[PDB]
Amino acid sequence: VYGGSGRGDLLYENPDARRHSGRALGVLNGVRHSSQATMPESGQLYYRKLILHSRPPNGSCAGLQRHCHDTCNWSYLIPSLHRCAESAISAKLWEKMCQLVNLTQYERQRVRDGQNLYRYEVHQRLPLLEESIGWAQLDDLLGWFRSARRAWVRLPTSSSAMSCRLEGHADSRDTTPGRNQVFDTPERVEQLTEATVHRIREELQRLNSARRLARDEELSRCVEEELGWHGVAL
Amino acid sequence: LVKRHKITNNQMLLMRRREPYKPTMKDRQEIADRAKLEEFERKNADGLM
Amino acid sequence: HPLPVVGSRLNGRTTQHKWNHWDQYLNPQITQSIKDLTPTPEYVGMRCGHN
Amino acid sequence: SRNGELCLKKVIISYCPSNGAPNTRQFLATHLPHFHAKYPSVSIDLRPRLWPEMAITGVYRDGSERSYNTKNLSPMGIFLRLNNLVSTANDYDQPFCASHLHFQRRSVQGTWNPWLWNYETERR
Amino acid sequence: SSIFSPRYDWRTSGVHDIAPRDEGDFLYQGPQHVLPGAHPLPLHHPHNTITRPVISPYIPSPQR
Amino acid sequence: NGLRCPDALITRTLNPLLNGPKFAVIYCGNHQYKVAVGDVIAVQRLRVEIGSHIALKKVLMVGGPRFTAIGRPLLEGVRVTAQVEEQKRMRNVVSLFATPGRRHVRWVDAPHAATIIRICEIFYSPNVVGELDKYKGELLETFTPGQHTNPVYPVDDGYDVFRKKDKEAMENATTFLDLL
Amino acid sequence: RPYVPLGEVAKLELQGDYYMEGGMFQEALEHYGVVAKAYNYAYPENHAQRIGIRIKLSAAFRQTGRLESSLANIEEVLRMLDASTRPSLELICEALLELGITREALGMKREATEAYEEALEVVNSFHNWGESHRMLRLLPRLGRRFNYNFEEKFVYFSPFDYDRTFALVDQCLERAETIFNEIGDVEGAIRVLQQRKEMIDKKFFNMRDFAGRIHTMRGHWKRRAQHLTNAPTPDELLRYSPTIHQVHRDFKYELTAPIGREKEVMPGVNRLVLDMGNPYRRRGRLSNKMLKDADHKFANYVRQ
Amino acid sequence: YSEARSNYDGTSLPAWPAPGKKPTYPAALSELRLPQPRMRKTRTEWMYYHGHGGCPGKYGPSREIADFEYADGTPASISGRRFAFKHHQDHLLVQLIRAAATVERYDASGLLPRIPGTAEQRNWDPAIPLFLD
Amino acid sequence: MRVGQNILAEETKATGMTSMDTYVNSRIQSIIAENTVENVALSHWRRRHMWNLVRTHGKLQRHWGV
Amino acid sequence: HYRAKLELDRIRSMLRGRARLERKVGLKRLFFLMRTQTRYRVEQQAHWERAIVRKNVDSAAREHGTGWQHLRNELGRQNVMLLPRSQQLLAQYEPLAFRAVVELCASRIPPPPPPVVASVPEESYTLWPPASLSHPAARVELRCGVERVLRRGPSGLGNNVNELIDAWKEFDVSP
Amino acid sequence: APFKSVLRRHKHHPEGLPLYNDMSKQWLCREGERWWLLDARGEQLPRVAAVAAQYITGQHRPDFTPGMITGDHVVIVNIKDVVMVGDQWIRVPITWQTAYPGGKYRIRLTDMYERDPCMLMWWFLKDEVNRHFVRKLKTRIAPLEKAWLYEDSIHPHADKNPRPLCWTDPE
Amino acid sequence: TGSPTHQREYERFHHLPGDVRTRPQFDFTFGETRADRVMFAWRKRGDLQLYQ
RNA sequence: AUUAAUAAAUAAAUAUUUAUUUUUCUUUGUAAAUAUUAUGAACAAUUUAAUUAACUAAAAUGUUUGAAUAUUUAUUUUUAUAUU
């Protein structure tokens, strides 16, 4: 998991499978025994550890000397979701939907694909968001709600896409440890929504000139309309 | 080349001739000549029909 | 206490069955391809190696 | 198997329900039911594909995976390799040497130390 | 490759993504389960009457 | 169960010595293994279904922290039982055969098939005949735990002038009795 | 299961079988008594080993002369077989043969013949006549030498040895024929002999095959994998021919489907038909112009 | 449980004599006819004496006793090499029986010469007296 | 091991305990009383605790619980 | 001509510098290494390992007062089938057991008697029939077999040899 | 793969060469070491050297492993009293050589003794240690440093209670 | 098979029979290095004398 | 193996394909068709006689006494086990 996609990484990469390669592997950098010429024993935890840790640092991971990126920062995670929604649904289509069910088949499929991509991105970013709840900011939480609205996914406060868990029999799902899989996605997202609502309330309580008066007014109006749209109060 | 053979024990490694119980080339020629001469004499024991 | 089915190299290193002349003669329903239309068994193949 | 619990958890078998090498489908039809009866705990995951993987994978209790090729392998060979997957625990790849015959070194009476028998001397 | 060569099994991992697809991947319930394409004979073209129906009074049974 | 013998004194004196952990040297697959109650070994392949409760018949030696029984060559009344954890193939050994003369190369892969077996229990129920003298081949009728069956005496006599003399304590230190 | 020296009791059972073959029926019975005691103590009720040792004990009693004891033991064996689940076909055939022999010894010729016929029908209705030589039918193809070591090209495995159920039923039918001849019946003997002949014919037919390479073949040792496989036997091939035993084809996992079921194909996100994929489209203006209406005509063909 | 047999029948010679009796001991010296050299038996010679055919894994209990057994007493299967070894022992027995039968048949027919050795041995070795008559 | 320790004590009582004799006695006693395996260097503990032996002056001196 | 090109390029990562960088050099070095390791395994490794085991056993014997020579000869004489590897293992991990074996070898304990030859019972020579019953030799053999059955382990069949021998009467039914 | 640096420690380097007694390596273990006293009065020099080497190299321990260099220290005393069988004292040569053309030094055991008897004992111990381990410098060197030599009966190791080393000749 | 301190040079030719298996009468090693390099000389076996 | 050249059974070696159940205690590679065939010794003596290996372990091979020391003849000191 070192050299490939990690915790909050979006790219899906099966390190054992040599995808994204133009050459048939001739040399295996991580080799412990000469027998691995014909019996690599990949998949076994220890040998796989050796191979993956011998792999070089790709774009996702960072070297020990290169300066990493604070991907676990809420102020970065939220705008990532906003950009995902923006790319998924064009500004013209967003304006049309806001003004307005009479839509083209291509536009409907585009909206569905955007919702699916947003759900996948939320699934991938969930652990980082959960870790970054504590030191988030009111503007970024409001941005979280705005990004959900723009993606057109209604959060499960208790169309809708988070409320239904993905299909698949429990006896075949990938339960392997070390992979950030969230089987209880709707419950986790509902808990995150409640936590961010409480955090917004606490931030407003802590906060309690013309510029600041206008900021407070616009913030209150936003909070109100966004929570009403998502089906939340206070 | 030399005909290599699958071994069944180190005795086959030490072995030089594949068939030790077989006469060498010259003895083979001698024995074949004697056998052919004996067969010819047995054929000619009776007169020339 | 059934014996374990432990793979040996004589019965594991085995390829899928390609219909032979007897099978295709017995049940013509299996002669489904030009691949199944194979030559006489006396034909080993194109010669390999040097005499 | 360890303490009555099979180390193997699931076995992935990818195949094409048509227009492909018969071996995998024939194995599914003939041998797979017997394997399922013998090891009901193992979860069989049948994956229909247009371009099948021509391999059988086994995911074990520790999350590791062991894959076997079946490009032109016979159904009997596929069955034997599936049983090999079940048998192996996929934990270690040690050699079969005199040193490695005993996994963990142990002493019931107690190992030898320099001061054991040191003060014992010859007698008559 | 060749069955007897070590290259036939030199690859031991990465062939399958352990996570199954949520579209068509299923499990083997048991012998009562009828699997698509499954057949005891090595049919390289596993067709049936629905795929390529036969124009004849009877299905070509061995009895006939 | 426990040790038995027609002599009640010897039976009751030796039974307490068997209680405790035990080790056994067993013969299997033309190889000899020393095993304990929780030891895992890799024997050559045994046609045994995995998870099978198996027993080892021919045992060369048994012992513990207080006793040791030897077999000449084998023993009886020894119950060494294990569980067949795995049936696998160990690490591959590559034999590459080639000669500078002929352009022929042979690549042999020997993955040594093996069965991994974890010993679950070791028990011993010996049947002793009687006390056996060491320095004489005769076996005693009467067993006396309070007296050494074969007393030992120091070596130094003074006749050997050029004898390597050790420290006096080691040279003549008496030994205790291990049955009282 | 309680511990029992099954190795020693198996030694005793083998010794009893040797005594049976040597005609020392009393000694065979004595050994089978101990073996049956041990098996009864060790194995659970209605077990294959227990019923088998009871069959052997009944045979020993019958041979010694205790016909009533043999009849009682074989009756209990049949009761245990009925109580069990998935009994061995060979074991039940042998039990029926032993019951028939015991009835014949008692003098119940009709009942012995009925038992033999019951065994015959049981084997015919629940026996696979080719499974014995599934892996032994293509052995002749292994042979690569013709001048010498050609016994491998004609290696023969006797069904009497590689299928004990067949031998048991053959013996039972021979005894039934003998009983019919003794009684004077003709139709019964004819039918039983004909059924025996048909059984042997089935076995041979399953054993039959043609000859591959005849003369010497050099090299091509990797052909052994092809030569020894799960080659279907004639009986299996006829039973599960592709047409009688049709292949279930679920179009959910397939692209091409019949004309009437074009909608049951693997679903797509949002797919549109472009054309028939005419390779000449790439060539030029005239080449494309020579195929403008092909897609329309194909659509009309596949309408509805 | 465990097994320890030196003979097929499982019987063994009395190993422990009566109490207070001088125990019997084997012949430590080699079986050489001449009194000299006076050499003690080798480890391989002791193996031969005790029943193993010179090696631990050739004959004796280490070769004839099953290496394992199911906890419930069920014995082990007949390996191909086990059957081959049994056939080899039967072959040794057959060789012995056939040699004895050949000797008996020669004796009955009257072919066993009354002279000790063949002509070559007789004219090579003075130790054979002269049987002229 | 206890018999060996007794013999060592009997040998060393007359001439007084030596450094090596005391070390061997400590090793024997530890082996006798041990129920597990010691995989760490014995001198490591002495190296760590040498601050109890070597005395540091001033307010920088180290004492238990700083 | 076949060379382990694909098989050895895989482990070519285990070399240094030029061999690890250039395919030909690495393949040649790996081929040579494999061949030399094969030769060593098949002609010297066993000798070296068994010499090491011999030396360990000899050192244990020396500490106990004996040596490898006398220890081996006396093990052969006493019929204790412990392979040298087993002797080394016992000496290293079970010093008390090794000392007990050495004491057995040292003691004047009579070594086990040689294996017995099959004995024909007088029942075989006894005539049968004398002029429903069982052959006396067969009965004796059955009794010996039942005794072996009972002595093999603490089975629940019971220790009554006569009761076991009379087992068939249990299944017999009186007419 | 393992890589031994070309920049080694050289006798001409100020850093100097080490003493394996004070070194700390994965293959050095002085915890199980013992101390023996070998009085070489009237004992043949080759026999004394062999006996001392057996303990020095650690071959006398049942836990001996060729890779691991563990052995008991041996204090050899009265090396001056060491005996040679016959005229060997002057008829046994010691030969060494320098890189120079002349180079060759042929000397007698008498000269080696007159310079330093401990040097002669060291030579024989080195011969034994090389006979058994010659392929590795560490193996060739460390046991020699384990060995201790003293021509007189006075040694400073009294603080270690070196137990007298008792052995018997092949005869 | 060893250094001169363990195997004298004349002992190298010990596999051959004759006087070479007897210790030479004269040794010219300790003193100096003779120009001809003869290091050992055996007792005259008649008018013949052997040198190494 | 080897005979140039008139009515004489048979060149052998290697390779390819192929052929024959003959009795005697045991054991035994004989034959045919076909392809190819300079890897090269001078004397003396005597003679009807002289680079191969499946893995694990096992494993049996390996400086005195027909003189010396001494005096004007007397002295001196002449099997095993075990390792490829």
# chains A, B, ... in the order shown; residues from 1 in each chain; ligands from 1

call {"tool": "closest_atom_pairs", "arguments": {"of": "chain I", "to": "chain K", "cutoff": "10 Å", "atoms": "only C-alpha atoms", "output": "Markdown table"}}
result
| residue | atom | partner | partner_atom | distance |
| --- | --- | --- | --- | --- |
| I:12 | CA | K:161 | CA | 9.2 |
| I:17 | CA | K:161 | CA | 9.3 |
| I:18 | CA | K:159 | CA | 5.9 |
| I:19 | CA | K:159 | CA | 6.1 |
| I:20 | CA | K:160 | CA | 4.7 |
| I:21 | CA | K:161 | CA | 6.9 |
| I:22 | CA | K:160 | CA | 9.7 |
| I:23 | CA | K:160 | CA | 9.7 |
| I:24 | CA | K:34 | CA | 8.9 |
| I:27 | CA | K:32 | CA | 9.3 |
| I:41 | CA | K:31 | CA | 8.4 |
| I:42 | CA | K:31 | CA | 8.0 |
| I:43 | CA | K:31 | CA | 9.2 |

call {"tool": "residues_around", "arguments": {"residues": "residue 8 in chain F", "least_positions_apart": "6", "cutoff": "12 Å", "atoms": "only C-alpha atoms (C1' of nucleotides)", "output": "list in words"}}
result
residues 14, 15, 128, 129, 130, 142 and 143 of chain F

call {"tool": "write_last_selection", "arguments": {"atoms": "C-alpha atoms", "output": "CSV table (one decimal), in the first residue's frame"}}
result
chain,number,residue,atom,x,y,z
F,14,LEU,CA,8.6,-43.2,39.8
F,15,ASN,CA,5.0,-42.1,39.1
F,128,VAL,CA,8.9,-51.2,34.4
F,129,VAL,CA,10.3,-54.6,35.3
F,130,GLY,CA,12.6,-53.6,38.1
F,142,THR,CA,15.0,-54.9,45.8
F,143,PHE,CA,14.7,-51.2,45.0

call {"tool": "atom_distance", "arguments": {"atom1": "CA of residue 135 in chain A", "atom2": "CA of residue 218 in chain A"}}
result
22.8 Å

call {"tool": "residues_around", "arguments": {"residues": "range 17-20 of chain L", "least_positions_apart": "2", "cutoff": "9 Å", "atoms": "only C-alpha atoms (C1' of nucleotides)", "output": "list in words"}}
result
residues 10, 11, 13, 14, 15, 22, 23, 24, 42, 43, 45 and 50 of chain L

call {"tool": "interface_residues", "arguments": {"of": "chain F", "to": "chain B", "cutoff": "12 Å", "atoms": "only C-alpha atoms", "output": "ChimeraX atom specification"}}
result
/F:99,101-104

call {"tool": "closest_residue", "arguments": {"among": "A:234, A:166, A:98, A:227", "to": "chain E", "atoms": "only C-alpha atoms"}}
result
A:166

call {"tool": "closest_atom_pairs", "arguments": {"of": "chain H", "to": "chain M", "cutoff": "8 Å", "atoms": "only C-alpha atoms (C1' of nucleotides)", "output": "tab-separated table"}}
result
residue	atom	partner	partner_atom	distance
H:37	CA	M:79	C1'	7.4
H:38	CA	M:79	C1'	6.3
H:39	CA	M:80	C1'	5.5
H:40	CA	M:80	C1'	5.8
H:42	CA	M:81	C1'	7.5
H:44	CA	M:60	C1'	7.3
H:55	CA	M:58	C1'	7.7
H:56	CA	M:58	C1'	7.8
H:57	CA	M:58	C1'	7.8
H:102	CA	M:25	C1'	6.9

call {"tool": "residues_around", "arguments": {"residues": "residue 46 in chain F", "least_positions_apart": "6", "cutoff": "9 Å", "atoms": "only C-alpha atoms (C1' of nucleotides)", "output": "list in words"}}
result
residues 29, 87, 114 and 115 of chain F; 68 of chain H

call {"tool": "write_last_selection", "arguments": {"atoms": "C-alpha atoms", "output": "tab-separated table (two decimals), in the first residue's frame"}}
result
chain	number	residue	atom	x	y	z
F	29	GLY	CA	9.42	-40.03	6.92
F	87	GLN	CA	-0.38	-30.20	3.24
F	114	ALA	CA	5.56	-31.62	3.00
F	115	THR	CA	2.88	-31.94	5.65
H	68	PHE	CA	1.78	-42.58	11.50
